[PDB]
Every structure is written in C-alpha cells, then in structure tokens.
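By letter and in written order, the chains are A, B, C, D, E, F, G, H and I; residue numbering begins at 1 in each of them.
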Amino acid sequence: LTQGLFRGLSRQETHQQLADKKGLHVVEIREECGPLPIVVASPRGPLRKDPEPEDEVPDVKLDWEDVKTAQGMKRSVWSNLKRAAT
Amino acid sequence: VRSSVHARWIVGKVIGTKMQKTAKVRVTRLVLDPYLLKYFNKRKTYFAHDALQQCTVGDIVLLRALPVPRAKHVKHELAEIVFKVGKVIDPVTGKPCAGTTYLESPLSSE
Amino acid sequence: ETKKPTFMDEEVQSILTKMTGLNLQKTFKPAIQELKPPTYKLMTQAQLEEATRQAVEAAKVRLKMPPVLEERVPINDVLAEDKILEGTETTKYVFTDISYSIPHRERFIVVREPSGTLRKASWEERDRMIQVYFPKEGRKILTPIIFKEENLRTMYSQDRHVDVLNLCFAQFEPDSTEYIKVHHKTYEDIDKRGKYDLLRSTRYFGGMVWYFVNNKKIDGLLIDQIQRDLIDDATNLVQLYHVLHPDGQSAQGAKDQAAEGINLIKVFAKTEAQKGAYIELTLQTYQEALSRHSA
Amino acid sequence: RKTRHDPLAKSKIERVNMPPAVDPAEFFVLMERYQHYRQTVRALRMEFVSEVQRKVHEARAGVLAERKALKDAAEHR
Amino acid sequence: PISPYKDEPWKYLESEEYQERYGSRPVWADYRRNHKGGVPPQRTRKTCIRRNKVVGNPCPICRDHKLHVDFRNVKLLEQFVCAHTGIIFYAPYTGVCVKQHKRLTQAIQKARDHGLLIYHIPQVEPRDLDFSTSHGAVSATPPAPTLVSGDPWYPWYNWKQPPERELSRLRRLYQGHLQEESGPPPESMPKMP
Amino acid sequence: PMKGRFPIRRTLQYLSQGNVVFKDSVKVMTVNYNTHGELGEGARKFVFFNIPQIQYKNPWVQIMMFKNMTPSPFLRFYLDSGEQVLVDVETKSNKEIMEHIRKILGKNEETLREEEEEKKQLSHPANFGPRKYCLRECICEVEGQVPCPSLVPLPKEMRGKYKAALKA
Amino acid sequence: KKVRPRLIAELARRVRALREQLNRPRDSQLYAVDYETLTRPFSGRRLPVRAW
Amino acid sequence: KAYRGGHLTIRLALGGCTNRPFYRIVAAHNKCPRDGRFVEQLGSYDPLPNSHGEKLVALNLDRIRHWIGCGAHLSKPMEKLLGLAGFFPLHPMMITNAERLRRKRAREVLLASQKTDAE
Amino acid sequence: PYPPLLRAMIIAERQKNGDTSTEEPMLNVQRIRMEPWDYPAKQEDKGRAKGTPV
C-alpha cells in the first residue's frame, strides 16, 4: 500500500504537462462558478487550432463501484459514516 | 377498433403449423435487466389465426389483435407475412434476394 | 402629448445596462456552498472564446434588471356583511383558493371576520397565505428580524448591500411597502457613504440609478463615475436625467448651449447639481489627467 | 361496531327514546330555511354538473381539441 | 469557576491566554474521542457536564469554561462552520457533545439572522410572472344590491314570524311535546355589563 | 471494471440520453442490418449504441432485429393504424439514423414539455400527507401555527386533561 | 389461471334465494301489531313513540 | 375495496396529535374510514388559531366544483365551511344557532340586571 | 343571488375576459321542483322485510 501510493502519486500528470502535450488550453468548469471558463494551464509553445475530435461514445473502462454508487444501487451501512476530522 | 387483446400489433417468428387454421408464433421483446442494464430477448408464444394456412415454419409474420379472442389461446390473426422463409423480397428494391445477394439485379428494371 | 419614459423602456434599458457592465468574475463569483469535483476540457483558442461568449450570454440573464413598481394600493373590499353571525365565533376564518392553475395575483383570499363581515384579505395577509400553501425558497412566512433597522445597519457596516437586496427580493413582493422601504433605505446608505461600486455588475444597479434620478440626487453617483474613468456612463447619467426632467434648468441649459459629451456635466453641475463646485473640481482633475495620456 | 348477528343488549331491551319537544315558532322557520337552502344548493349543483360535462365534451370533440387532431394528422402525412 | 468574559464573549478570543493555548488553529483540532473500534459512534455524548460535574474527557466547548457559545461571538462560531461550503460540522466531526452542538447550531442560526455571520444568500427569480393588480380578486368587486341596501344576502336569513294558523297546526301535530314559543331573536348579540 | 466493450452502454445515465420518444401510433420496430459491408456501418453502430436508448424511452414498443436477410440495411415501423413505415439507413451514420426516425415518428420537444407539466399538477404543494407524496405532513410544520405537542407541549387550558378537571 | 371452484357457495346461494321465496313472510305476519304493548310480534321491535 | 353501493363524500379527515386537531378536506368514499383511503384531498382546515389569531382554511375550488359536479356529497361540517367562505349560502343550522345564542345571552342580561338592582 | 364568493369570482371572470356589464349573476332555481317531505315515494323501488321470525 505504501509503495503503491507513492508510485501512483509520482506518475500523476499535472494540468500544465497535459496542456503542453496536447498543445491546448485546459479549461476548468466549476458548478459553484457557473459557466465561467477558467484557464488553469496554457501551453508554452505553439497552440493547436484544430479542436479535439468529440467522440460520441468514449471507449473508457468504468469501475462498477463508481457506476453503482452513482445509480444509487449500492446500499452500505458502513458508507458515509460520520467520523472525526482528519 | 376497440379490442380486448393487450397485444395489438406484434411481429414474431412462426415455430409451428401443426394446428388447423392456427400458426404458433414466437414473439421476442427486449427486456431490461435491472442489475446488468443490458437488454436480453424474452420469448412469449402467441397463437395466430391463419385462414389460408399459408404460414410456413420459420418465417416472420405480422399479427393483428382480434376484437375478441376466438379461442382460449388464439387472440391474434395473421395480418401479413413480412419475410417468407427462403423467399424474402427486399422492401427497398422489390427484387428477390437470398441473404445479402440479389437473386434479380435491381438494374433489370432500371 | 409627451410621456416621460418608464423604467422598462428600451432606451432606459439600454442606458442602464451599459451603466451596469458584465463582470464575468463578479457575476459568477465562487459561491460558498456544497462543492463537487470540477471537470476539465481541452479547448482551443476559438473554443475558449466561444465558452467566454456563452458566459457573457448567461451573465445577461443573471443581470436582468427587476421591474420597478409603485406601492400597491391596500385592499379594503367587503363582499358581504352577514350580521346574523355576529358574536358567534371569536376567531376570524381565512379562506385561500389553492387551485394550482391560477396566478398568485388572481387568487380569491377572503376573511370571515368575527363580526360576520366577509372581506377580501389584505396584501400582507395574501402574501403570508400564499407562502403557506405554495412555499417559495428563501421566503419566510414571518418577517425575519434581518429587516429591522439595527440588523440592516449591521449589514451596511459590513458592505453587504447586495445581500440585503437579495434577501428583500426573495421575501417581499416588488410592490409591497416593506420592499420599497428596504430598497430605498439601502440606496440612501449607498449614496451617503459612496458605495455605488458594490452594486456595479449586478441586476440591482438599474434600480439604484432610477431612484437617484427621480430624486435629483445623482450628484454622488456622477462624482464616483468620473473618478473611476466612466465618462461614457457619466454622460448617459446626465442625459437620462435630462430625458426624465425636460422642464429643468439643466435640461433647458443643454438645449440652449447644444452641449454634448463632457459639456453636459458642466451644464448640469452649474445649473442643478447641489455640489457643483465639487463636480467641477472632480471633472477638471480628470480632464487634466486625460490630456497627459493623450500626449 | 356490532354486526347483524350480535344479540341485543339486555339493558337496552326496555329502552325507549322519547322524541324531543318541538318549539312551534322555531320549527316552522327552520323548516322553511331547509327548503330554501336545498333549493339554492341543488341549483348550484346542476351548474357544477354542467361544467364537468362541458369540460369532458370540450376535451373530446371541442373546436380546439378537433383542430389539434386534424393538425397532427396533417403533419403525419 | 466564574469566567470574566461572560458579558463580552469575543474578548476571550483576543486575549493572550487564548493565543498561548489554542493558537491559529480551531479549538477542536487537538481533541480526540475515546471509543472502541475504528469506527466512532455516530452520536457524541449527550452532555459533558452533569449536575455541575465535568466528565473525564470534556468536549472542546466544555473543556474550556471561558469559551461562551453566544451569537455575538462570531469568531468562535466560524471555527464550527466549513469555510469552503458554509455548512455546520456534525457532532462527530469536531467532537463537541450533543447539548453544545445544539447550542452552537442555535447560536450560528441566530448570528446569521442578525447579519453578524457571513453566509451565502442565493439569488432567486420573481414569484409572479405578471405584476398586474387589475384582477377582481385583488381589485374592488362592485357591491351587490343586497349589500348596498343593508338587506340580508337572502330573504330567509332574517327571522320571519310564521302565520298563526301554521303555529296552531304544529301545536296540534305535536300535542304534549311542545316548548314555549319563541319570538324574533334580538337584532344584535347582547353583552354582559 | 465493468465487463464488455464500451461499458458506458449499460448505465442509466447513457440510456436516459435517448432523444427519440415514439408517438402513440408506433407499435413495432424491426431492424434489418448487415453484419458486414462498409455501407451498413451506420446500421451496426445504430444497433450497438442507439437501440438500447430507443427501447429504454419506449418500453412498450417491440423491437426485433434481423441480421443478414436483405442485401441492404433498413428500418421498418408498424403504426397502430396499420400503416407500415419504411426507412432506408444505408450509408448513413447512427446519428443521422437517430435524427431521421425522431423527425418522422418522434414526439417534438413541445409535446414532451407539455407531458412533464401534467405530472407537476399531480403533486400539489398545498396538500398534506406522508413525505412520499407531500412536502409536509401536518400543519404544525407551518411556522406561526400551533406546533406539534410532541415538540412543544400545549398549555393546560388547551389540553383536555385539565379541561375536565377545571369544569369538574 | 385455474382456481378451485366453490360449488357449495353457488349451491347455498340458490337454496337461500329459493327458500326466501317459498317461505316468504306475508303482510298479515310482517305488519301485525299488538295494540297493548305496541310491538310487532314478528320482530319484537317497538314502534316509534310518535306513532303510538 | 369495492363497497356495496356508497358514494363519494367531501369530508374532514382528522390529523395532528392529541389535543392538536387538524382536518384535511378530502374527497373519499362514504364507507371508507375517516382517515383511510381517499380519492383526492381538496384542501385543509386548521381549527386552532395561529400566532395571528386566524383559522387557516384551504379550498381547492376548481377541484371542489369538479367533484360536486360528479355526484360527491358534502358532510354537514363541510357545508358550514363553504357557507363561512361564502362559496355556499349560510347553512340554516348556523343561522339557527346564532338566533339561539342571542336568546341565551338576552336572558342572561335580565338575570344580571335583577341581581344588581334588587341587591 | 349567488353566494358572496361565487358571485365575486364570476364577475371577476368577466372583467378578466374584457366583458363589461353591471348585470348581477343569478341562479335559475325555477327548474328546481322542491317537493313536500311527505310526498309519496316510489313503492316499487322500496324493499321488503326479511323472512326471519321471532
């Protein structure tokens, strides 16, 4: 668990790194901030003019636990329990 | 217009012609699995009235609900044979076909 | 003949909107509420501008100026006076029609008095009864103590004049007496302390200007706009005052001198503005600063 | 409550209910009131029935209802 | 003990004594509950003080007698309100007992009503689409002819004396079961002097 | 991870994104498509992606699909009146197929908006009852009214226990 | 959908209906009244006081 | 449950708790329990005065006119609520009880006067 | 005359629709054929006592 935790956190991709790789702006959308587009990272080099291909159906692998929780089908007496501040 | 039969229009596949003036038709519907959220075919057997006994085992038929059930289990009648078994006529072009190849070329009649 | 323009007229709407200004930062300020993990999108320069345009469009809807209404006439109407029921009941009965497909200003709310007289419910009673059967978020059946003089002055001391207007709008109807008093008291505190910038880029800015023009007290607002380099809005303030007061010294002075642009303020400052000397000094200070930047 | 098959109580075998004494003046005035009140309510009831019948007919074969039916059929073709 | 800051609760948080003890972090930061198992009970103790006696592990509010829960003590209440969401932490989060958490909830609500505590106030849409007041429900309906003349809305509302023959008919119909005949009622409701 | 390729198809979020709501006339929809051929590429994607969306929004419409029976893919709709609607889908993307059937046999946005408003009238805010059906249970929840005796005890004058004692 | 029929329920229903016609009470029995006690001997119910 | 005969009736269903009466105006079958199944609730009635000294009555007039036109009867207390609202003419019992109350208080005045005058 | 609340709503409906008239709405109670309570009823529709003797 300890070695796994440091492995993933070391390999996370920052927004600035993603913007540089894709050559595009990374825009943050916050529900609290409404529809206001917020630029968190911009590529230092040339900026691409062609938009990313908007795939109608993304081919990504979904964890069943996340989907089941989202649909409310996951009941658990041990979830969302009130606990001390961390 | 009014009919007591719940299933007004249904399309199924004939699985038996062993009864007089009645074709046993199997109807499949897509039913959602509550947990897997994937649709699987659910098959129910319907008896259809066939006056001319022109149905053949293995074809696709259209069933119209009778105003009243003429028998205990016969509630529908043969409306139109959508796809005859082995003698399918392509609705788009009107030419006979055998699978994905036209038996008669659509360019024969321009 | 000649009719004075109303608050909802397009000429007034266009001028007030330009005096409000769309600030996407303030119009969509990060609110302190329950938060969710934000989503991220990879957008080009063209898409980012389009997203900015949609935020501008959504800002206009949020910045729609509420209509301004006069105080509603109190309802004193009697449907019938049945003297037979006099003294039989010690408590009056309030009847509210709760039919769903009826506007809340067209519902028959009647009160059966202990004297036996059947009368229509007053405005204060009608608003209270509507919330009972058709609750609205943010509106309390009992008037909150926030609207007392001491509590409101506390809000003013904290520069939260927008919060007061938000609370008043949710609780009281626009034509209610309490709605008018709270808005008018809020406007007076703004003018006294020169807090006009708080209501900028808000849907309530237009009402503040409308209150000031109708009382010929745009002297404070004109000073603030000039000091913030808003001459285009400052000129529109003088022009709007002239439109709503054709028979005035400033309005007649403008016609005689054919003043336009900055000259309009000078005519208004000398003729009708109470603090004309301060306005002239303020306008002179801006004009000197602008000249240096021109060179 | 008691059913039809439950035996009658013994204490109420000899029970007799005496009708209340009648005030001649109040009885006649009140009797007229019940003949006027029920006349007005029945007239009100007839109007309420007609409104319900009219609303059903208007939704079934009203001018506005039939106009939508022909409009949808025209669009479908 | 008698805290001298009871009159002005906000004075305690500005003293040098407060800075030495808590510092720049909330009062409940160093408090940790004592319970069995890894999952704490979903409800804290009902009260840390019983009959003027303090339990062995007092809650952060109860452990300091100089901390007074009052709506004027705005700085203290902010420590129990999430600065990013504006909601009030539940009892297991901070560790305060149920009695003091209820006192905190009332104090926080009281502070918001008076405007002493800053909270998010959403912007709502107007209730009525149309503001016209010309409808008869809110306007003055023309009076009925009966109302103008002062007559009852119906003729049978008032008392009308029955004919003598009709009264005799009722007496004959109800012989031996007759009450004293009643005249017209008083025009107005009497009152006790 | 969820089993199968494109696991998003088996989520309620994806199935509720269907914009095609068939009219009351449509009863049976039959899909004939070819498993192979570049021209029938849209038909296969329509079955793979859009068919679950259509059936979810139209639970009472029978959907039966036939594979490799005709040289070209097509859609057939059987209306209640007896009219049979034929749609050609050859060399058309699944998005184009989705929009075509919606245009000819799907209810417009105006009709769908009207239907939702009818359900709003069913739940009347002024009604009192269980939380399942009504917003409030008792008039005591309305502020300004006499509160529930469980929370705030009533005065002895308003309680029947002391009404009889005072009288007798 | 087959359910065990209740022949006796139908048999008892017809028997009760038939007996209520064959053994129906007559007006002389139903409406006889004992003028001394003002009660009907058929049912033993007292007549209303106002009818005495 | 299909009762034998019966009809719809607009009546008051008692809610609330002990010593806290609260009536919901509902349109239910005649044979149904007082607080049992109902077809449609048509309003509410709070007999206890609130902080403003008012008794709140809600009358879904559009639905009330609908059910009355469908043959629904009215309970006697409901016929008095409509009379108080002016939707219906005042029930004769309300007028009659008003006259009786006036007579009752008129006799009390005479008794009070005699006590003061004689003694 | 209409009851006070009903008359007000009917008159309010006229003003909302734009109709302007001072006529007072009234109920056609002429159709209502009030009958004496002692008027004979339908003996055909009246039942009969049961056959249980005492």
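What we mean here is this: contacts are C-beta pairs under 8 Å (C-beta built on N, C-alpha and C of every residue); 3 or more make two chains touch, one makes a residue touch a chain.
The chain list, named the UniProt way, goes like this: B = Small ribosomal subunit protein uS17m; C = Small ribosomal subunit protein mS22; E = Small ribosomal subunit protein mS40; F = Small ribosomal subunit protein mS25; H = Small ribosomal subunit protein bS16m.
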Key: Target subunit E, source subunit D, minimum contact steps   = 1
Ask   = Which chains does subunit A share as contact partners with subunit B?
value = F
Pair exhibiting more inter-chain C-beta contacts, F-H or B-F = B-F
Query = Based on Cα centres, what is the most central chain?
reply = F
Query = How many angstrom lie between the CA centroids of subunit C and subunit F, rounded to a whole number?
reply = 42
Inquiry  = Please tell me the distance, in whole Å, between the geometric centres of subunit F and subunit I computed from their C-alpha atoms.
reply    = 45
Task = Determine the centre-to-centre distance between subunit B and subunit H, using the mean Cα coordinates as centres, and give it in whole Å.
result = 63
Remark   = So, in whole Å, the Cα centroid of subunit A is separated from that of subunit H by 62
Note = subunit I touches at least 2 other chains through residues 3-9, 12, 16
Ask   = If you look at subunit H, which of its residues touch at least two other chains?
value = 43, 49, 51-52, 56, 58, 60-61, 85-86, 88-90, 95, 98-99, 101-102
Query = So which stretches of subunit A touch two or more other chains?
reply = none
Note = Every chain pair meeting the touch definition is listed as A-C, A-E, A-F, B-F, C-E, C-F, C-H, C-I, D-E, D-G, D-H, D-I, E-H, E-I, F-H, G-I, H-I
Note = Per the touch rule, the subunit I residues reaching subunit H in their complex are 3-6, 8-9
Key: Residues on subunit C engaged by subunit F in the complex (per definition of touch)   = 98, 100-101, 132-135, 140-142
Inquiry  = Could you list, by residue number, the parts of subunit H that touch subunit F in their complex?
reply    = 15-20, 22, 24, 41, 43-44, 46, 48-52, 56, 58, 60
Query = Okay, in this complex, where on subunit B does subunit F touch?
reply = 8-12, 27-30, 32, 36-39, 60, 62, 64, 82-83, 88, 90-93, 97, 99-102
Task = Give every residue of subunit F touching subunit A within the complex, in rising order.
result = 1-2, 5-9, 11-13, 49, 94-95
